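Asks: Please find one structure pasted underneath; my questions will follow.
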Amino acid sequence: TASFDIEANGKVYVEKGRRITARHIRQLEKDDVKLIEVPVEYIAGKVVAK
Amino acid sequence: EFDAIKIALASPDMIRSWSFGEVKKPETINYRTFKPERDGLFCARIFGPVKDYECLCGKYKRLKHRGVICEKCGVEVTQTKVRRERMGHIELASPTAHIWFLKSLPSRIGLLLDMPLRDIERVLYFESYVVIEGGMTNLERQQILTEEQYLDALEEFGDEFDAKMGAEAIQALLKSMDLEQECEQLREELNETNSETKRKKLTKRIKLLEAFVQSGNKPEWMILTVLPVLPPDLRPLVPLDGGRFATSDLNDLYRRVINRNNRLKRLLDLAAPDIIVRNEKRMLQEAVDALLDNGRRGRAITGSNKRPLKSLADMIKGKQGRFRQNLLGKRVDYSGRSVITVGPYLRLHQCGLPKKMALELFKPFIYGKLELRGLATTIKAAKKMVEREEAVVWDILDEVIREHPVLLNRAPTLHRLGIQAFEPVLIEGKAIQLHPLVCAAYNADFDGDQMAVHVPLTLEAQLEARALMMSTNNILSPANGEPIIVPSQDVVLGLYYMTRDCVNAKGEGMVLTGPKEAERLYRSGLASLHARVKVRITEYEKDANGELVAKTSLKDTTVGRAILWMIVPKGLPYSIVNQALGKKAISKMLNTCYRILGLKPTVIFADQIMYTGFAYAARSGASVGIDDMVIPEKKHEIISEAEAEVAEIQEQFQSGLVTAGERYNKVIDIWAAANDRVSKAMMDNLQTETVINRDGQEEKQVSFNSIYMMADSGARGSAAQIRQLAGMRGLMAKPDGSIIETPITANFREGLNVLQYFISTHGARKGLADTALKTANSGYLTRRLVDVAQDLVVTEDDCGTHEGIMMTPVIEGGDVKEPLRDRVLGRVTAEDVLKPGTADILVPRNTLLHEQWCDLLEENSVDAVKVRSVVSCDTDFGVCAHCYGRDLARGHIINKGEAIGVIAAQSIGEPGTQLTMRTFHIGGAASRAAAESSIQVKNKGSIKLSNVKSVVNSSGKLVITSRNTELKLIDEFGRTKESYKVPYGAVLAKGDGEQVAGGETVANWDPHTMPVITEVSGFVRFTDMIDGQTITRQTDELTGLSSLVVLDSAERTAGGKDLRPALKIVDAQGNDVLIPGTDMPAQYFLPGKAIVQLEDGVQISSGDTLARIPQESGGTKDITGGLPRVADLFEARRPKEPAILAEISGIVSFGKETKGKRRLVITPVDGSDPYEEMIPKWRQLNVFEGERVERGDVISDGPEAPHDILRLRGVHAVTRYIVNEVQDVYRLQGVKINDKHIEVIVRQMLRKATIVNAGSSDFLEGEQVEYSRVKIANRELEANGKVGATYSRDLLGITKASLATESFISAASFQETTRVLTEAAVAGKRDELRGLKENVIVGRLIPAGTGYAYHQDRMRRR
Amino acid sequence: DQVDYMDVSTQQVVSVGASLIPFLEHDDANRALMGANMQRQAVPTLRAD
RNA sequence: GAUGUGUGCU
DNA sequence: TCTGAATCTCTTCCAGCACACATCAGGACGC
DNA sequence: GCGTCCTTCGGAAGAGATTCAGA
Ligand SMILES: [Mg+2]
Ligand SMILES: [Zn+2]
Ligand SMILES: [Zn+2]
């Protein structure tokens, strides 16, 4: 489940609260995008490697 | 001689009093001329002489020097028998800890000083110091100091302060303890502190301190200072073949202990460095530990072959200890053993001994009579004459063997009938001939089993074997009123083939004047044994007061039944043989013969049935061929239909309609249905397909196929074995209890494939590995059942009360499984029973209702009899005769002074073991029913739906929304006749009040996956269900529908365990809906494996399904897998989800909201209201905020726990629940057990009773004491002006209640010998030798049967 | 068309001891285990037959 | 006397 | 921060009788 | 031929000791 508004290159791909169905992954592969925005609050559930 | 046994601690002064010398050297026999060493474990100076009346060095030789002690070696010349009576002792250089008071858990040292076990074991095994006499510093009296901390304490406080370490420190701690000051301080703390856990710990320590201060014991004796040694004769070093000796365990342990002690003493004499002597003290402590109780420490030492050797505790505790191996059972002289053969020419009071066994058995008797007649002169001459087996010895053997009964005994003696007494008949050979009429009771098949004989020596033993244990007087099993001498497997076949008719014969329509001419016809062959003639018989009747009145009639019978009537005793009605006599028919015939005539006619008639069954079975030639099992011509159509339906099930589960477990539950369903259809079709085709002409056209008769004869007569067989011989073998089960998904489709008459045989191997191994590896946990049940009921014996003629359980005939889902007659028979009623001729009594208040009374109760259609139960009796240390009933083995009231606890425990405990060594007889078949999912009522009448919460469905028909419902069908009279259990979420085509016609369907449902349903319709919002965290959601992309499965508490995320899935109902505006009756929202909780095929906010109708949960109803349901339930009930295990009850009556309402979970307060209208309860949110509440609830009503749903039901609904309700559940479990396998035994066990459950308030008694507040003591004290106080003490019955399991028995010897002999012996030594208990096992161990007349009068005389003499 | 292996003979399932029972495919395996054991425990007679 | 293995009946 | 409920950890138990065979008993090192 | 000596591996349940949480 997307904890925030999934978007890339400005346009929004998956709305907030909506699950990422396989068509979304396929379309994101087709668009060929890697860099996305994210609120800093989502970093709270992350652990540093080194 | 003595009347008590006292157990307590041993003082060093007392051990030295036991001590006769001081052993200080580990020198056994010197590997030379076999003399004991000077100061070793074996020595004549310390313990006693080796040879009888002889000195060690050889200064005295005969009795004329008895008493003097020699000079050269200092030994006494006395008996050599005293080597097993005169103990030595060891003077240890350093003290050591006795482990039984250290590691009992509860550790006595641990809770005596309130310091944990770990600190004490670290101190006693030299890892840390401990503080004694803290004094003028900050160190407490029990502080633990490590090595560095102790060094710091000495460098800063090296004053008169002391801090010891090891066993000496613990001895100082215990010696410097004041019991009275600690006791009063703990009493003050108990009075002050309000917490419950510290209260329990404090009261436990107070109990221990009270046990110390009451007896003469003292805390410092629990640390060993002197170590007594076992006498040498009880640890013998037998001289083997050669120069080596036996590797006796105790000798090696004593050698090691003496080594450590002597080395420690030598080091202490030489002033060794402190670390070395500390290590050697550790070695001494661990050596003494290994000697006392080996294996309780971390590692158990071994001497050779790396095998844990036994200490002084392994031979007192366990299966190989003295209590179970050499005290409760011993090897016995005057015994024999041989393989048994039939010899059917015998009688019930006769057995067959080999001619050579009787000469070795009755050898002293032969010696005595040879000396009496003067044929011999001395004992050795008679011995030589017997060994030479002279002709005179054979003549005189027939004299001693005449009327001296012996004890025939089998190896597994499951029940009371395992030992029966027969007179011997001397025959040649080497085999023990056995009368086949008792082989069913013995369970002694003739396939190579060994029985054991025993010779009653004394006069009383012979008379007991003649009057009590004789097989003639043992024709009624103690389990039930059915006879135990049932003909079987040849006699049943012979009688059934004789007492049968077919329409043709050599002579058919002829007339005879009696049985004699029928015999003349059959012997001459002028009329077949299956004719249909009209003989003239003279049957007798005893309508008068014991006088037989004659009558003569002309009845239409066969030749065979006429012949059989010749042996029927004068007095039975002829309408007992005028049918096809199977096994149950002749069992009922023998039963009614016993009930009407008596014992001698019954035994004579049983022998005559034996003879006339064997003769006409030999003459019958009822063989078996390969042309007798006929294959039905429609079984393959049934397997084709079942294959089509399971192929439909394939598409059903692969699509997603049902899951893997549901598919497995439905496939077994359809295979079992097909198996049941094939069995019935084959049975019909094999029992009716025969053609015969009556001198005209063809007529149908009951078939004469041999297999049908031996499957209908019931001689040996059932539906299962023959069903597998022809048609469908069925589906078999794995050893774990699961059933194979594929049943093999073939029969043994046609053959098996190379793969179907591999599949049937699963069931074949299941049966055997189930017998041999799960009869252990069924013999354990009967062991710990005989243990818990050994001390219960009838002691009084009548307790004279009015209390008694309420007795009803049970109908639990089918027809009348057991009626009133089979249930109340042979039990004394508790009050004047009211017939439906009300305001008038039918049966008096204290009449033992026999068969005539049972018939009278059946005639007037009585459905509610108040009967006296053995659990409600009022006697002390036993039960009165009237609260039990009949002997169940004789046709009269039970005799006062009979051990019924043992016959109850054995009767309960050996259908399980017997039938669990029988599941391989049918092969390996699952034998699982078809799990019917519909209600086909048969009888005509109305419906009384009790405790039903039904709702309206979208179709309009009633749907049940309650779990404790039952649909009872009652006929037009109003008496109860039928009762079916409808399940949750079932639709009803009818209701209550309407007279339902006989032969319709009223209820339908789905067997697997019982559904949760709703009361009010509306839209459902998916609350607390996010995909992945708590629910697995799968969705098809094309259609877009969610069919999710929820997770358990197992596979769910750890963080998300606080998230609980549920479906909340909302309206079009999303507002809160309400349950009809209250204002609380419709929060329908979802359990695990709940599948939902809906969408959020969909429009539904009221009373529809919402989710499905699989049931996983899988199992063979045999007595092997299916009886842990009896163990759970008897040991009283708390169920996993106990249904909370209403502990007090009054109005019901909530108090605080969400004190973690839900809360509820019950308040009465008159009394105080301090009761609150904690309600986890798992279970919905069947009550609301505005009703009145009574004591015992279920707040929630689930299985009842056999503690709260007792504490709330009383003794009668819990005993009836236990009786009903155990009876259903046993009747599921066809066993017939009388309920009296179960009530005896339940009464043995209730012996402990915690005190509510002290009152005027001397008992403490929370102390748990015997209920008999409480009753006696209350009855004594009520005779005075005081007031009795209020109590409450507790319910501990059979193991728990047996381990806490007042006589410590029983508990010590049963289980946990260390934990019981330590408790008895600490408490200083005093056994009274009151029960049966105590007198068995001591070796007296048990106060059970014939010795009960002697025990009464011995008790009343003091 | 899908198979690629076939059993050598029917006798390969059972041991050497249990293979000596004739008509084994009609006996139940429960009475085949004991039959194999009591064939294992036989004693040689005087004139072998 | 104790361990180890095999076996019979339940 | 005290005190019940839940969990961790230690101990007990596991059918009865019988028969046959074997080994084994300190075995390592010095004399 | 004499003779004296210093491995793990069950599993069902009960109880007694810890930890948790929770108000
Ligand atoms: Mg048998
Ligand atoms: Zn002497
Ligand atoms: Zn009574």
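So you can find residues: chains in the structure tokens are A, B, ... in the order shown, residues in each start at 1, and ligands are numbered from 1 in order.
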At a cut-off of 10 Å, using only C-alpha atoms (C1' of nucleotides), what residues contact residue E:4? Leave out same-chain residues fewer than 2 positions from it and give the result as a PyMOL selection string.
Replies: (chain B and resi 195-197) or (chain E and resi 2+6) or (chain F and resi 21)
Asks: Quick one: residues within 8 Å of stretch 15-28 of chain E, only C-alpha atoms (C1' of nucleotides) counted, chain neighbours fewer than 5 positions away excluded, as a PyMOL selection string?
Replies: (chain B and resi 244-247+411-413+450+775-776+779-780) or (chain D and resi 4+7)
Asks: For the selection just defined, write its residues with N, CA, C and O atoms (P, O5', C5', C4', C3', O3' and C1' of nucleotides) to a file, as a PDB file, in the first residue's frame.
Replies:
```pdb
ATOM      1  N   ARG B 244      37.011 -61.875  38.398  1.00  0.00           N
ATOM      2  CA  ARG B 244      36.369 -60.570  38.406  1.00  0.00           C
ATOM      3  C   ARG B 244      35.164 -60.583  39.347  1.00  0.00           C
ATOM      4  O   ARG B 244      34.757 -61.625  39.868  1.00  0.00           O
ATOM      5  N   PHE B 245      34.598 -59.401  39.591  1.00  0.00           N
ATOM      6  CA  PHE B 245      33.420 -59.264  40.437  1.00  0.00           C
ATOM      7  C   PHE B 245      32.346 -58.493  39.683  1.00  0.00           C
ATOM      8  O   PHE B 245      32.591 -57.916  38.621  1.00  0.00           O
ATOM      9  N   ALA B 246      31.140 -58.502  40.245  1.00  0.00           N
ATOM     10  CA  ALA B 246      30.032 -57.758  39.659  1.00  0.00           C
ATOM     11  C   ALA B 246      30.292 -56.258  39.738  1.00  0.00           C
ATOM     12  O   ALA B 246      30.939 -55.770  40.667  1.00  0.00           O
ATOM     13  N   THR B 247      29.790 -55.528  38.744  1.00  0.00           N
ATOM     14  CA  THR B 247      29.969 -54.076  38.676  1.00  0.00           C
ATOM     15  C   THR B 247      28.767 -53.361  39.304  1.00  0.00           C
ATOM     16  O   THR B 247      28.083 -52.535  38.695  1.00  0.00           O
ATOM     17  N   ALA B 411      -1.470 -62.944  30.769  1.00  0.00           N
ATOM     18  CA  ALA B 411      -0.411 -61.973  31.004  1.00  0.00           C
ATOM     19  C   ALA B 411      -0.973 -60.553  31.113  1.00  0.00           C
ATOM     20  O   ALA B 411      -0.717 -59.892  32.127  1.00  0.00           O
ATOM     21  N   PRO B 412      -1.739 -60.020  30.122  1.00  0.00           N
ATOM     22  CA  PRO B 412      -2.401 -58.735  30.376  1.00  0.00           C
ATOM     23  C   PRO B 412      -3.723 -58.916  31.109  1.00  0.00           C
ATOM     24  O   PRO B 412      -4.705 -59.400  30.535  1.00  0.00           O
ATOM     25  N   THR B 413      -3.762 -58.532  32.382  1.00  0.00           N
ATOM     26  CA  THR B 413      -4.977 -58.659  33.187  1.00  0.00           C
ATOM     27  C   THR B 413      -5.695 -57.308  33.262  1.00  0.00           C
ATOM     28  O   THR B 413      -5.636 -56.555  34.235  1.00  0.00           O
ATOM     29  N   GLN B 450       0.268 -67.589  26.286  1.00  0.00           N
ATOM     30  CA  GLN B 450       0.633 -68.304  27.500  1.00  0.00           C
ATOM     31  C   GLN B 450      -0.186 -67.786  28.673  1.00  0.00           C
ATOM     32  O   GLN B 450      -0.219 -66.578  28.926  1.00  0.00           O
ATOM     33  N   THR B 775      -1.304 -48.097  22.913  1.00  0.00           N
ATOM     34  CA  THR B 775      -1.904 -48.709  24.087  1.00  0.00           C
ATOM     35  C   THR B 775      -1.155 -48.337  25.359  1.00  0.00           C
ATOM     36  O   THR B 775      -1.662 -48.588  26.456  1.00  0.00           O
ATOM     37  N   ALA B 776       0.027 -47.731  25.229  1.00  0.00           N
ATOM     38  CA  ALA B 776       0.780 -47.288  26.397  1.00  0.00           C
ATOM     39  C   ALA B 776       0.050 -46.168  27.128  1.00  0.00           C
ATOM     40  O   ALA B 776      -0.103 -46.203  28.353  1.00  0.00           O
ATOM     41  N   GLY B 779      -2.962 -47.732  28.891  1.00  0.00           N
ATOM     42  CA  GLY B 779      -2.642 -48.468  30.095  1.00  0.00           C
ATOM     43  C   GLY B 779      -2.225 -47.520  31.198  1.00  0.00           C
ATOM     44  O   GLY B 779      -2.454 -47.785  32.380  1.00  0.00           O
ATOM     45  N   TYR B 780      -1.625 -46.392  30.814  1.00  0.00           N
ATOM     46  CA  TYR B 780      -1.334 -45.343  31.785  1.00  0.00           C
ATOM     47  C   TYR B 780      -2.613 -44.788  32.392  1.00  0.00           C
ATOM     48  O   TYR B 780      -2.661 -44.503  33.597  1.00  0.00           O
TER      49      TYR B 780
ATOM     50  P     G D   4      19.495 -51.171  27.225  1.00  0.00           P
ATOM     51  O5'   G D   4      20.050 -51.865  25.907  1.00  0.00           O
ATOM     52  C5'   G D   4      21.302 -51.477  25.364  1.00  0.00           C
ATOM     53  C4'   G D   4      21.818 -52.500  24.390  1.00  0.00           C
ATOM     54  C3'   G D   4      20.766 -53.188  23.540  1.00  0.00           C
ATOM     55  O3'   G D   4      20.335 -52.396  22.450  1.00  0.00           O
ATOM     56  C1'   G D   4      22.253 -54.800  24.401  1.00  0.00           C
ATOM     57  P     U D   7      12.265 -59.209  15.613  1.00  0.00           P
ATOM     58  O5'   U D   7      11.567 -60.347  16.479  1.00  0.00           O
ATOM     59  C5'   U D   7      11.575 -61.693  16.032  1.00  0.00           C
ATOM     60  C4'   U D   7      10.913 -62.617  17.021  1.00  0.00           C
ATOM     61  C3'   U D   7       9.500 -62.257  17.439  1.00  0.00           C
ATOM     62  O3'   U D   7       8.537 -62.632  16.471  1.00  0.00           O
ATOM     63  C1'   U D   7      10.765 -62.914  19.334  1.00  0.00           C
TER      64        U D   7
END
```
Asks: With chain A as the partner and 9 Å as the cut-off, tabulate the residues of chain B that qualify, each row holding the nearest pair of atoms and their distance in Å to one decimal, using only C-alpha atoms, sorted by chain and rising number, as a tab-separated table.
Replies:
```
residue	atom	partner	partner_atom	distance
B:1026	CA	A:1	CA	8.1
B:1027	CA	A:1	CA	7.6
B:1028	CA	A:1	CA	8.6
B:1037	CA	A:21	CA	8.9
```
Asks: Which residues come within 9 Å of stretch 1087-1093 of chain B, counting only C-alpha atoms (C1' of nucleotides), excluding same-chain residues fewer than 4 positions away, as a ChimeraX atom specification?
Replies: /B:1041-1049,1061-1062,1106-1110,1178
Asks: Suppose we keep N, CA and C atoms; can you now write the selection as an mmCIF file, in the first residue's frame?
Replies:
```cif
data_model
loop_
_atom_site.group_PDB
_atom_site.id
_atom_site.type_symbol
_atom_site.label_atom_id
_atom_site.label_comp_id
_atom_site.auth_asym_id
_atom_site.auth_seq_id
_atom_site.Cartn_x
_atom_site.Cartn_y
_atom_site.Cartn_z
ATOM 1 N N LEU B 1041 -12.617 -8.515 -8.638
ATOM 2 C CA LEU B 1041 -13.362 -8.894 -7.446
ATOM 3 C C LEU B 1041 -12.394 -9.435 -6.405
ATOM 4 N N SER B 1042 -12.636 -9.091 -5.145
ATOM 5 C CA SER B 1042 -11.736 -9.453 -4.058
ATOM 6 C C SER B 1042 -12.256 -10.696 -3.346
ATOM 7 N N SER B 1043 -11.439 -11.753 -3.330
ATOM 8 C CA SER B 1043 -11.710 -12.974 -2.567
ATOM 9 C C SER B 1043 -10.496 -13.200 -1.671
ATOM 10 N N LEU B 1044 -10.512 -12.567 -0.505
ATOM 11 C CA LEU B 1044 -9.373 -12.556 0.397
ATOM 12 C C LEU B 1044 -9.468 -13.680 1.424
ATOM 13 N N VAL B 1045 -8.322 -13.994 2.021
ATOM 14 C CA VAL B 1045 -8.228 -14.919 3.143
ATOM 15 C C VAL B 1045 -7.478 -14.198 4.258
ATOM 16 N N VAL B 1046 -8.015 -14.256 5.477
ATOM 17 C CA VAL B 1046 -7.384 -13.554 6.586
ATOM 18 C C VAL B 1046 -6.282 -14.423 7.181
ATOM 19 N N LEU B 1047 -5.400 -13.793 7.947
ATOM 20 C CA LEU B 1047 -4.301 -14.494 8.586
ATOM 21 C C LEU B 1047 -4.663 -14.857 10.023
ATOM 22 N N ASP B 1048 -3.898 -15.784 10.585
ATOM 23 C CA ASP B 1048 -4.049 -16.196 11.971
ATOM 24 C C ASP B 1048 -3.224 -15.290 12.876
ATOM 25 N N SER B 1049 -3.117 -15.692 14.141
ATOM 26 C CA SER B 1049 -2.184 -15.049 15.055
ATOM 27 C C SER B 1049 -0.791 -15.621 14.827
ATOM 28 N N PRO B 1061 -9.257 -8.143 12.585
ATOM 29 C CA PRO B 1061 -10.190 -7.955 11.468
ATOM 30 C C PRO B 1061 -11.638 -8.178 11.878
ATOM 31 N N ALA B 1062 -12.516 -7.333 11.344
ATOM 32 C CA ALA B 1062 -13.948 -7.437 11.594
ATOM 33 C C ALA B 1062 -14.689 -6.714 10.480
ATOM 34 N N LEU B 1106 -21.765 -14.064 5.343
ATOM 35 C CA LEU B 1106 -20.740 -13.060 5.090
ATOM 36 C C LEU B 1106 -19.351 -13.644 4.899
ATOM 37 N N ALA B 1107 -19.013 -14.711 5.617
ATOM 38 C CA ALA B 1107 -17.687 -15.301 5.523
ATOM 39 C C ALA B 1107 -17.784 -16.783 5.853
ATOM 40 N N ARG B 1108 -16.794 -17.535 5.384
ATOM 41 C CA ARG B 1108 -16.707 -18.966 5.615
ATOM 42 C C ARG B 1108 -15.374 -19.308 6.264
ATOM 43 N N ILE B 1109 -15.422 -20.197 7.252
ATOM 44 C CA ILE B 1109 -14.215 -20.657 7.935
ATOM 45 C C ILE B 1109 -14.155 -22.180 7.885
ATOM 46 N N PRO B 1110 -13.079 -22.762 7.355
ATOM 47 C CA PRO B 1110 -12.984 -24.224 7.292
ATOM 48 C C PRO B 1110 -12.942 -24.847 8.680
ATOM 49 N N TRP B 1178 -12.183 -11.120 22.153
ATOM 50 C CA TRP B 1178 -12.277 -12.250 21.234
ATOM 51 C C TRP B 1178 -13.718 -12.710 21.047
#
```
Asks: Name the residues, by chain letter and number, that sit within 8 Å of ligand 1 using only C-alpha atoms (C1' of nucleotides) and all ligand atoms, and give them as number ranges by chain.
Replies: B: 443-449; D: 9-10
Asks: Using the selection just defined, write its residues with N, CA and C atoms (P, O5', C5', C4', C3', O3' and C1' of nucleotides) as a PDB file, in the first residue's frame.
Replies:
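Writing done, so here's again27.pdb:
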```pdb
ATOM      1  N   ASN B 443     -10.164 -62.808  26.817  1.00  0.00           N
ATOM      2  CA  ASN B 443      -9.572 -62.346  25.563  1.00  0.00           C
ATOM      3  C   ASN B 443      -8.337 -63.185  25.237  1.00  0.00           C
ATOM      4  N   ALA B 444      -8.475 -64.491  25.434  1.00  0.00           N
ATOM      5  CA  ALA B 444      -7.389 -65.449  25.250  1.00  0.00           C
ATOM      6  C   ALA B 444      -7.697 -66.271  24.005  1.00  0.00           C
ATOM      7  N   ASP B 445      -7.284 -65.752  22.853  1.00  0.00           N
ATOM      8  CA  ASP B 445      -7.331 -66.529  21.627  1.00  0.00           C
ATOM      9  C   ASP B 445      -6.312 -67.661  21.687  1.00  0.00           C
ATOM     10  N   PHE B 446      -6.546 -68.691  20.876  1.00  0.00           N
ATOM     11  CA  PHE B 446      -5.752 -69.911  20.928  1.00  0.00           C
ATOM     12  C   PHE B 446      -4.635 -69.909  19.893  1.00  0.00           C
ATOM     13  N   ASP B 447      -4.061 -68.739  19.622  1.00  0.00           N
ATOM     14  CA  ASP B 447      -3.043 -68.559  18.588  1.00  0.00           C
ATOM     15  C   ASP B 447      -1.632 -68.539  19.160  1.00  0.00           C
ATOM     16  N   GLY B 448      -1.420 -69.175  20.302  1.00  0.00           N
ATOM     17  CA  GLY B 448      -0.109 -69.291  20.890  1.00  0.00           C
ATOM     18  C   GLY B 448       0.164 -68.449  22.120  1.00  0.00           C
ATOM     19  N   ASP B 449      -0.857 -68.086  22.889  1.00  0.00           N
ATOM     20  CA  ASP B 449      -0.675 -67.271  24.081  1.00  0.00           C
ATOM     21  C   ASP B 449      -0.432 -68.147  25.305  1.00  0.00           C
TER      22      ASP B 449
ATOM     23  P     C D   9       2.005 -63.148  17.739  1.00  0.00           P
ATOM     24  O5'   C D   9       0.879 -63.039  18.857  1.00  0.00           O
ATOM     25  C5'   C D   9       0.240 -64.204  19.355  1.00  0.00           C
ATOM     26  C4'   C D   9      -0.333 -63.966  20.727  1.00  0.00           C
ATOM     27  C3'   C D   9      -1.081 -62.657  20.910  1.00  0.00           C
ATOM     28  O3'   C D   9      -2.411 -62.711  20.422  1.00  0.00           O
ATOM     29  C1'   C D   9       0.403 -62.982  22.724  1.00  0.00           C
ATOM     30  P     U D  10      -2.998 -61.503  19.541  1.00  0.00           P
ATOM     31  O5'   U D  10      -4.328 -61.078  20.309  1.00  0.00           O
ATOM     32  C5'   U D  10      -4.528 -59.740  20.738  1.00  0.00           C
ATOM     33  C4'   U D  10      -4.206 -59.582  22.202  1.00  0.00           C
ATOM     34  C3'   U D  10      -4.367 -58.186  22.781  1.00  0.00           C
ATOM     35  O3'   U D  10      -5.711 -57.876  23.107  1.00  0.00           O
ATOM     36  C1'   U D  10      -2.297 -59.096  23.471  1.00  0.00           C
TER      37        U D  10
END
```
Asks: Please find the residues contacting ligand 2 at a distance of at most 8 Å between atoms, with only C-alpha atoms (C1' of nucleotides) and all ligand atoms counted, and report them as an MDAnalysis selection string.
Replies: chainID B and resid 55:60 69:76
Asks: Within 12 Å of residue A:42, counting only C-alpha atoms (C1' of nucleotides), which residues qualify if same-chain residues fewer than 2 places away don't, as a compact mmCIF listing (two decimals) with N, CA, C and O atoms, in the first residue's frame?
Replies:
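The resulting result04.txt:
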```
# COMPACT_ATOMS: atom_id res chain seq x y z
N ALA A 2 0.55 2.19 -0.87
CA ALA A 2 1.28 3.45 -0.97
C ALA A 2 0.94 4.32 0.23
O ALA A 2 -0.21 4.75 0.40
N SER A 3 1.93 4.59 1.08
CA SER A 3 1.72 5.41 2.27
C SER A 3 1.60 6.89 1.91
O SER A 3 1.19 7.70 2.74
N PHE A 4 1.94 7.24 0.67
CA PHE A 4 1.86 8.62 0.20
C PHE A 4 1.45 8.60 -1.26
O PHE A 4 1.07 7.56 -1.81
N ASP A 5 1.53 9.76 -1.91
CA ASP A 5 1.14 9.90 -3.31
C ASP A 5 2.32 9.50 -4.19
O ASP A 5 3.32 10.23 -4.29
N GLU A 37 9.97 11.62 -6.02
CA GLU A 37 9.94 12.43 -4.81
C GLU A 37 9.32 11.64 -3.66
O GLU A 37 8.59 10.67 -3.86
N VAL A 38 9.62 12.07 -2.44
CA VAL A 38 9.14 11.39 -1.24
C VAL A 38 9.19 12.34 -0.06
O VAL A 38 10.15 13.11 0.09
N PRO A 39 8.16 12.37 0.79
CA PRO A 39 8.24 13.16 2.03
C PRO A 39 9.28 12.57 2.97
O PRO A 39 9.54 11.36 2.97
N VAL A 40 9.88 13.44 3.79
CA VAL A 40 10.93 13.01 4.70
C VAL A 40 10.40 12.14 5.83
O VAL A 40 11.18 11.47 6.51
N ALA A 44 11.52 7.62 8.20
CA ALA A 44 11.51 7.16 9.58
C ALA A 44 11.55 5.63 9.67
O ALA A 44 12.18 5.08 10.58
N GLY A 45 10.89 4.95 8.74
CA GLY A 45 10.90 3.50 8.73
C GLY A 45 12.03 2.91 7.91
O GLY A 45 11.85 1.88 7.25
N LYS A 46 13.20 3.54 7.95
CA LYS A 46 14.38 3.10 7.22
C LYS A 46 15.56 2.98 8.17
O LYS A 46 15.65 3.67 9.19
N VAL A 47 16.49 2.09 7.81
CA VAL A 47 17.68 1.83 8.61
C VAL A 47 18.91 2.04 7.73
O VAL A 47 18.95 1.59 6.58
```
Asks: Just want the 12 Å neighbourhood of residue F:2, counted on only C-alpha atoms (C1' of nucleotides), with same-chain residues fewer than 2 positions away dropped. Output as a PyMOL selection string.
Replies: (chain B and resi 31-32+243) or (chain E and resi 30-31) or (chain F and resi 4)
Asks: One number please: atom CA of residue B:347 to atom CA of residue B:474, in Å, one decimal.
Replies: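 Going from atom CA of residue B:347 over to atom CA of residue B:474 covers 13.8 Å.
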Asks: List as a list in words the protein and nucleic acid residues lying within 8 Å of ligand 3, with only C-alpha atoms (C1' of nucleotides) and all ligand atoms counted.
Replies: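 I would give the residues around ligand 3 as residues 796, 798, 799, 800, 801, 868, 869, 870, 872, 873, 874, 875, 879, 880, 881, 882, 883 and 884 of chain B.
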Asks: Hey, what does DSSP flag as alpha helix (DSSP H) within chain A? Can you give it to me as a PyMOL selection string?
Replies: chain A and resi 22-31
Asks: Using only C-alpha atoms (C1' of nucleotides), I'd like every residue of chain C that has an atom within 12 Å of chain D; please write them out as JSON, numbers by chain.
Replies: {"C": [34, 37, 38, 40, 41]}
Asks: Could you pull the residues within 10 Å of residue C:10, counting only C-alpha atoms (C1' of nucleotides), minus those fewer than 5 positions along the same chain, as number ranges by chain?
Replies: B: 753-755
